[PDB]
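See below for query.cif, which holds mmCIF, C-alpha atoms (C1' of nucleotides).
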```
data_structure
loop_
_atom_site.label_atom_id
_atom_site.label_comp_id
_atom_site.auth_asym_id
_atom_site.auth_seq_id
_atom_site.Cartn_x
_atom_site.Cartn_y
_atom_site.Cartn_z
CA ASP F 992 0.00 0.00 0.00
CA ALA F 993 3.00 2.31 0.65
CA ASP F 994 4.64 1.40 -2.71
CA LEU F 995 1.16 1.36 -4.30
CA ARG F 996 0.69 4.99 -3.19
CA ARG F 997 4.33 5.61 -4.36
CA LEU F 998 3.30 4.36 -7.85
CA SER F 999 2.69 8.05 -8.87
CA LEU F 1000 -0.67 7.77 -10.76
CA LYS F 1001 0.84 7.17 -14.27
CA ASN F 1002 2.56 3.86 -13.53
CA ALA F 1003 -0.55 2.71 -11.63
CA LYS F 1004 -2.56 3.47 -14.79
CA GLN F 1005 -0.17 1.29 -16.79
CA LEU F 1006 -0.44 -1.46 -14.14
CA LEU F 1007 -4.26 -1.38 -14.29
CA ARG F 1008 -3.93 -1.68 -18.07
CA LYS F 1009 -1.61 -4.68 -17.56
CA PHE F 1010 -3.93 -6.55 -15.16
CA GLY F 1011 -6.93 -6.23 -17.50
CA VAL F 1012 -8.95 -3.72 -15.43
CA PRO F 1013 -11.74 -2.22 -17.61
CA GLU F 1014 -11.08 1.16 -19.23
CA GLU F 1015 -13.72 3.01 -17.18
CA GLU F 1016 -11.73 2.67 -13.94
CA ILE F 1017 -8.53 3.54 -15.81
CA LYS F 1018 -10.40 6.48 -17.38
CA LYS F 1019 -11.71 8.19 -14.24
CA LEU F 1020 -8.10 8.16 -13.05
CA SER F 1021 -8.86 9.21 -9.48
CA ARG F 1022 -5.58 8.40 -7.73
CA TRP F 1023 -6.92 7.06 -4.41
CA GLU F 1024 -9.59 4.99 -6.20
CA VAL F 1025 -6.93 3.75 -8.66
CA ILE F 1026 -4.63 2.61 -5.86
CA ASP F 1027 -7.50 0.92 -3.98
CA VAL F 1028 -8.50 -0.92 -7.17
CA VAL F 1029 -4.91 -2.01 -7.89
CA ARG F 1030 -4.52 -3.20 -4.27
CA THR F 1031 -7.78 -5.17 -4.70
CA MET F 1032 -6.58 -6.64 -8.02
CA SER F 1033 -3.22 -7.60 -6.49
CA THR F 1034 -5.25 -9.29 -3.74
CA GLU F 1035 -7.34 -11.11 -6.37
"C1'" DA U 1 67.25 73.90 -80.09
"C1'" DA U 2 70.52 73.95 -76.95
"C1'" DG U 3 72.82 75.08 -72.42
"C1'" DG U 4 73.00 75.23 -68.31
"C1'" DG U 5 72.81 74.71 -62.83
"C1'" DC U 6 70.50 72.16 -57.45
"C1'" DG U 7 66.44 70.25 -54.00
"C1'" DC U 8 62.73 65.55 -54.21
"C1'" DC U 9 63.62 61.23 -53.18
"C1'" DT U 10 65.94 56.89 -51.07
"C1'" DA U 11 68.75 55.22 -46.27
"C1'" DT U 12 70.30 55.09 -40.64
"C1'" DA U 13 69.34 55.84 -35.56
"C1'" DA U 14 66.45 57.83 -31.82
"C1'" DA U 15 62.24 60.03 -28.63
"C1'" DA U 16 57.45 61.91 -28.39
"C1'" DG U 17 51.63 60.72 -28.99
"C1'" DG U 18 48.05 60.05 -32.55
"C1'" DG U 19 46.18 57.82 -36.36
"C1'" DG U 20 44.45 53.72 -37.79
"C1'" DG U 21 42.76 47.93 -36.39
"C1'" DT U 22 40.64 43.99 -35.66
"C1'" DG U 23 41.25 40.25 -32.00
"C1'" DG U 24 41.22 38.54 -27.45
"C1'" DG U 25 39.93 38.57 -22.76
"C1'" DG U 26 37.01 39.67 -19.03
"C1'" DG U 27 32.73 40.74 -16.97
"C1'" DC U 28 27.88 40.71 -16.69
"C1'" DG U 29 23.45 38.91 -17.57
"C1'" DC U 30 20.28 35.36 -18.59
"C1'" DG U 31 18.74 30.75 -18.66
"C1'" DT U 32 18.55 26.16 -17.05
"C1'" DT U 33 18.95 22.69 -13.67
"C1'" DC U 34 18.91 20.97 -9.11
"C1'" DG U 35 17.62 21.01 -4.43
"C1'" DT U 36 14.70 22.11 -0.70
"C1'" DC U 37 10.42 23.18 1.36
"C1'" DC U 38 5.57 23.14 1.65
"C1'" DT U 39 1.14 21.34 0.76
"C1'" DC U 40 -2.03 17.79 -0.26
"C1'" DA U 41 -3.57 13.18 -0.33
"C1'" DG U 42 -3.76 8.60 1.29
"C1'" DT U 43 -3.36 5.12 4.67
"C1'" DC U 44 -3.40 3.41 9.22
"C1'" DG U 45 -4.69 3.44 13.91
"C1'" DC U 46 -7.61 4.54 17.64
"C1'" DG U 47 -11.89 5.61 19.69
"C1'" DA U 48 -16.74 5.58 19.98
"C1'" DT U 49 -21.17 3.78 19.09
"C1'" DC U 50 -24.34 0.23 18.07
"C1'" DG U 51 -25.88 -4.39 18.01
"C1'" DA U 52 -26.07 -8.97 19.62
"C1'" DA U 53 -25.67 -12.45 23.00
"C1'" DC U 54 -25.71 -14.16 27.55
"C1'" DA U 55 -27.00 -14.12 32.24
"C1'" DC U 56 -29.92 -13.02 35.97
"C1'" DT U 57 -34.20 -11.95 38.02
"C1'" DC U 58 -39.06 -11.99 38.31
"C1'" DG U 59 -43.48 -13.79 37.43
"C1'" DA U 60 -46.65 -17.34 36.41
"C1'" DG U 61 -48.19 -21.95 36.34
"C1'" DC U 62 -48.38 -26.54 37.96
"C1'" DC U 63 -47.98 -30.01 41.34
"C1'" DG U 64 -48.02 -31.72 45.89
"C1'" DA U 65 -49.31 -31.69 50.58
"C1'" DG U 66 -52.23 -30.59 54.31
"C1'" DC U 67 -56.51 -29.51 56.36
"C1'" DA U 68 -61.37 -29.55 56.65
"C1'" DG U 69 -65.80 -31.36 55.76
"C1'" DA U 70 -68.96 -34.91 54.74
"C1'" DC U 71 -70.50 -39.52 54.67
#
```
Any chance you could put this one into structure tokens?
Amino acid sequence: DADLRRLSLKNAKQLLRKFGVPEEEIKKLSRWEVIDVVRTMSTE
DNA sequence: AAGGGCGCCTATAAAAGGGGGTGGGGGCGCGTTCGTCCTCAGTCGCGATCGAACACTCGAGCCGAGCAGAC
């Protein structure tokens, strides 16, 4: 979660693209929501 | 047409300061990069509130025993 917050939005966007997260969540690009979704996907 | 007589230049050294040059060096200014500080956002921890479960107390019902009445 510390390194996930240290992802600095842009690389988290590329990671969400890599996992196969749908483009709506990538599109809103809220940082906190993005990092919560990528933490959830790394839990999944 | 011919017959005569003299300063210009050139050269040498030396000083003075200007005229007459573009080239090099130094200084200043501007721009870019890096570092530091501040602000914002996110995450984690703690506290408070709400809900659920368990325990205790009270009330009600049922059963048993005793007493009284009748045969």
One number please: atom CA of residue 1032 of chain F to atom CA of residue 1011 of chain F, in Å, one decimal.
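According to the coordinates, atom CA of residue 1032 of chain F and atom CA of residue 1011 of chain F are separated by 9.5 Å.
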Using all atoms listed in the file: which of U:29, U:16, U:38, U:43 has the shortest distance to residue 992 of chain F:
U:43
Which residues match the PyMOL selection byres ((chain F) within 12 of (chain U)) in the file above, as a PyMOL selection string?
chain F and resi 992-997+999+1021-1027
Quick one: pull the distance between atom CA of residue 1031 of chain F and atom CA of residue 1008 of chain F, Å, one decimal.
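Going from atom CA of residue 1031 of chain F over to atom CA of residue 1008 of chain F covers 14.3 Å.
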Which residues are near residue 1006 of chain F? Cut-off 12 Å, only C-alpha atoms (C1' of nucleotides), ignore same chain within fewer than 3 positions. Put them as a compact mmCIF listing (two decimals) with C-alpha atoms, in the coordinates of the input.
```
# COMPACT_ATOMS: atom_id res chain seq x y z
CA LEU F 995 1.16 1.36 -4.30
CA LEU F 998 3.30 4.36 -7.85
CA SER F 999 2.69 8.05 -8.87
CA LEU F 1000 -0.67 7.77 -10.76
CA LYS F 1001 0.84 7.17 -14.27
CA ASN F 1002 2.56 3.86 -13.53
CA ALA F 1003 -0.55 2.71 -11.63
CA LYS F 1009 -1.61 -4.68 -17.56
CA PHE F 1010 -3.93 -6.55 -15.16
CA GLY F 1011 -6.93 -6.23 -17.50
CA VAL F 1012 -8.95 -3.72 -15.43
CA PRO F 1013 -11.74 -2.22 -17.61
CA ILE F 1017 -8.53 3.54 -15.81
CA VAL F 1025 -6.93 3.75 -8.66
CA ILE F 1026 -4.63 2.61 -5.86
CA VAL F 1028 -8.50 -0.92 -7.17
CA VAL F 1029 -4.91 -2.01 -7.89
CA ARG F 1030 -4.52 -3.20 -4.27
CA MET F 1032 -6.58 -6.64 -8.02
CA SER F 1033 -3.22 -7.60 -6.49
```
Two-atom distance - atom CA of residue 1034 of chain F, atom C1' of residue 44 of chain U (Å):
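Between atom CA of residue 1034 of chain F and atom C1' of residue 44 of chain U the gap works out to 18.2 Å.
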